[PDB]
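Asker: Below is one structure. I have some questions about it.
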Amino acid sequence: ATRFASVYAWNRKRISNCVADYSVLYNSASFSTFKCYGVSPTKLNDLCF
Amino acid sequence: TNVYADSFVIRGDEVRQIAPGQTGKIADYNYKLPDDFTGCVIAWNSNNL
Amino acid sequence: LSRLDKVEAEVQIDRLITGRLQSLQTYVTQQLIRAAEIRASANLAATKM
């Protein structure tokens with residue numbers, strides 16, 4: 001984003017009716033911290049939400 | 001019975017990638033440890049060398 | 001299998017295997033006891049025959 005909301009009013013965006021690609025993110029090095037607690041981060045391409 | 005010393009150099013953020021069973025670009029496309037890997041991992045800064 | 005990678009899928013599948021193996025142990029012990037009772041009943045019935 002240009003700007004993000006504060007924690008007291010944390011922003012929430014709905015994602016539906018679209019084709020994702022978590023491999024594009026997972027290959028990026030800009031992610032200092034990336035941790036998935038209910039699914040393997042690599043397996044996201046083969047799982048449908 | 002023997003000891004294999006695997007010596008190489010990386011950037012500081014990829015040292016978490018070198019644990020056994022880990023995944024990531026280094027761990028996927030140039031150097032992958034076995035899942036049942038036994039041994040030791042050593043990493044030290046060399047910005048002065 | 002779909003959600004997780006090998007190193008954590010092993011942790012989950014060990015728990016599942018332990019649970020289902022304990023269920024099998026209980027079922028087979030129940031079957032052995034019932035089979036012993038049926039053996040006794042069948043011997044008594046053969047004596048009556």
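Identifiers for the structure tokens are assigned positionally: chains receive A, B, ... in sequence, residues are indexed from 1 per chain, and ligands are indexed from 1 in the order shown.
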List every residue of chain B that has an atom at most 12 Å from any atom of stretch 37-45 of chain A, and for each one report the closest atom pair and its distance in Å to one decimal, counting only C-alpha atoms, with rows sorted by chain and then by increasing residue number, as JSON lines.
Answerer:
{"residue": "B:22", "atom": "CA", "partner": "A:42", "partner_atom": "CA", "distance": 10.9}
{"residue": "B:23", "atom": "CA", "partner": "A:42", "partner_atom": "CA", "distance": 8.1}
{"residue": "B:24", "atom": "CA", "partner": "A:42", "partner_atom": "CA", "distance": 8.9}
{"residue": "B:25", "atom": "CA", "partner": "A:42", "partner_atom": "CA", "distance": 11.3}
{"residue": "B:28", "atom": "CA", "partner": "A:42", "partner_atom": "CA", "distance": 11.0}
Asker: Taking only C-alpha atoms into account, report as a PyMOL selection string which residues of chain A lie within 12 Å of chain B.
Answerer: chain A and resi 23+26-34+40-43
Asker: Store the residues picked out above in a file with N, CA, C and O atoms, as a JSON list (two decimals), in the first residue's frame.
Answerer:
[["chain", "number", "residue", "atom", "x", "y", "z"],
["A", 23, "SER", "N", 3.51, -18.51, -4.61],
["A", 23, "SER", "CA", 4.90, -18.74, -4.99],
["A", 23, "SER", "C", 5.59, -17.44, -5.36],
["A", 23, "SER", "O", 6.79, -17.28, -5.12],
["A", 26, "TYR", "N", 6.50, -16.04, -2.03],
["A", 26, "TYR", "CA", 7.48, -16.88, -1.34],
["A", 26, "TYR", "C", 8.87, -16.79, -1.95],
["A", 26, "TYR", "O", 9.86, -16.99, -1.24],
["A", 27, "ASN", "N", 8.97, -16.48, -3.25],
["A", 27, "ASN", "CA", 10.27, -16.32, -3.88],
["A", 27, "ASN", "C", 10.88, -14.94, -3.63],
["A", 27, "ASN", "O", 12.08, -14.76, -3.89],
["A", 28, "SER", "N", 10.10, -13.98, -3.14],
["A", 28, "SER", "CA", 10.63, -12.65, -2.89],
["A", 28, "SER", "C", 11.44, -12.62, -1.60],
["A", 28, "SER", "O", 11.09, -13.25, -0.60],
["A", 29, "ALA", "N", 12.54, -11.87, -1.64],
["A", 29, "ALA", "CA", 13.43, -11.75, -0.48],
["A", 29, "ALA", "C", 13.09, -10.55, 0.40],
["A", 29, "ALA", "O", 13.75, -10.37, 1.44],
["A", 30, "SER", "N", 12.10, -9.74, 0.03],
["A", 30, "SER", "CA", 11.74, -8.58, 0.84],
["A", 30, "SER", "C", 11.06, -8.98, 2.14],
["A", 30, "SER", "O", 10.87, -8.12, 3.01],
["A", 31, "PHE", "N", 10.71, -10.25, 2.31],
["A", 31, "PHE", "CA", 9.99, -10.72, 3.48],
["A", 31, "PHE", "C", 11.00, -11.05, 4.58],
["A", 31, "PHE", "O", 11.62, -12.11, 4.58],
["A", 32, "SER", "N", 11.17, -10.11, 5.52],
["A", 32, "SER", "CA", 12.03, -10.36, 6.66],
["A", 32, "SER", "C", 11.50, -11.49, 7.53],
["A", 32, "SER", "O", 12.26, -12.36, 7.98],
["A", 33, "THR", "N", 10.19, -11.51, 7.78],
["A", 33, "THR", "CA", 9.56, -12.57, 8.56],
["A", 33, "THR", "C", 8.35, -13.09, 7.79],
["A", 33, "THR", "O", 7.49, -12.32, 7.37],
["A", 34, "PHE", "N", 8.30, -14.42, 7.62],
["A", 34, "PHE", "CA", 7.21, -15.10, 6.93],
["A", 34, "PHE", "C", 7.07, -16.49, 7.58],
["A", 34, "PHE", "O", 7.94, -17.36, 7.51],
["A", 40, "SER", "N", 2.07, -25.54, 5.30],
["A", 40, "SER", "CA", 3.42, -25.30, 4.82],
["A", 40, "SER", "C", 3.42, -24.16, 3.81],
["A", 40, "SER", "O", 2.56, -24.13, 2.92],
["A", 41, "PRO", "N", 4.35, -23.21, 3.92],
["A", 41, "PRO", "CA", 4.37, -22.08, 2.97],
["A", 41, "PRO", "C", 4.56, -22.51, 1.52],
["A", 41, "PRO", "O", 4.02, -21.85, 0.63],
["A", 42, "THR", "N", 5.32, -23.57, 1.27],
["A", 42, "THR", "CA", 5.53, -24.03, -0.10],
["A", 42, "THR", "C", 4.29, -24.71, -0.67],
["A", 42, "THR", "O", 4.05, -24.63, -1.88],
["A", 43, "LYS", "N", 3.51, -25.38, 0.18],
["A", 43, "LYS", "CA", 2.36, -26.14, -0.28],
["A", 43, "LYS", "C", 1.17, -25.26, -0.67],
["A", 43, "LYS", "O", 0.18, -25.78, -1.18]]
Asker: Chain B residues within 12 Å of chain C, counting only C-alpha atoms: which ones, as a list in words?
Answerer: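 Within 12 Å of chain C on chain B, we get residues 19, 20, 21, 22, 23, 34, 35, 36 and 37 of chain B.
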Asker: Please identify all residues of chain C having at least one atom at most 8 Å from any atom of chain A, considering only C-alpha atoms, and return them as a list in words.
Answerer: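 That gives residues 2, 3, 4 and 5 of chain C for chain C.
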Asker: What's the separation between atom CA of residue B:14 and atom CA of residue A:22, in Å to one decimal place?
Answerer: 20.0 Å
Asker: Go through B:48, B:32, B:39, B:15 and flag the residue nearest residue B:2, using only C-alpha atoms for the distances.
Answerer: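 Counting only C-alpha atoms, the residue closest to residue B:2 is B:39.
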Asker: For the structure I just gave you, how does DSSP split stretch 3-43 of chain A - specifically, which residues are alpha helix (DSSP H)? Reply as a PyMOL selection string.
Answerer: chain A and resi 22-26
Asker: Could you save those same residues with C-alpha atoms as a compact mmCIF listing (two decimals), in the first residue's frame?
Answerer:
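The file below, selection16.txt, is the result:
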# COMPACT_ATOMS: atom_id res chain seq x y z
CA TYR A 22 1.75 -17.56 -3.19
CA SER A 23 4.90 -18.74 -4.99
CA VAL A 24 5.43 -15.20 -6.30
CA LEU A 25 5.54 -13.90 -2.72
CA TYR A 26 7.48 -16.88 -1.34
Asker: Excluding stretch 14-18 of chain A and its own-chain neighbours fewer than 2 positions away, which residues fall within 12 Å of it when counting only C-alpha atoms? Please give them as JSON, numbers by chain.
Answerer: {"A": [11, 12, 20, 21, 48, 49]}
Asker: Given the selection you just returned, output its residues as a file containing N, CA and C atoms, formatted as a short mmCIF file (atom, residue, chain, number, x, y, z; two decimals), in the first residue's frame.
Answerer:
data_model
loop_
_atom_site.label_atom_id
_atom_site.label_comp_id
_atom_site.auth_asym_id
_atom_site.auth_seq_id
_atom_site.Cartn_x
_atom_site.Cartn_y
_atom_site.Cartn_z
N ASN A 11 -6.47 -2.72 9.49
CA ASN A 11 -7.25 -2.88 8.27
C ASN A 11 -7.45 -4.36 7.96
N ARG A 12 -8.61 -4.69 7.35
CA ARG A 12 -8.94 -6.06 7.00
C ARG A 12 -9.49 -6.04 5.57
N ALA A 20 -4.90 -16.83 -6.86
CA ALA A 20 -3.74 -16.39 -6.11
C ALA A 20 -2.47 -16.95 -6.72
N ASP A 21 -1.30 -16.59 -6.18
CA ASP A 21 -0.03 -17.18 -6.57
C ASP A 21 0.92 -16.90 -5.39
N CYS A 48 -6.45 -25.10 -1.84
CA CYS A 48 -7.44 -24.20 -2.40
C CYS A 48 -8.41 -23.77 -1.30
N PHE A 49 -8.64 -22.45 -1.22
CA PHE A 49 -9.19 -21.82 -0.04
C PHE A 49 -10.59 -21.30 -0.30
#
Asker: Quick one, how far is atom CA of residue B:33 from atom CA of residue B:18?
Answerer: 7.3 Å
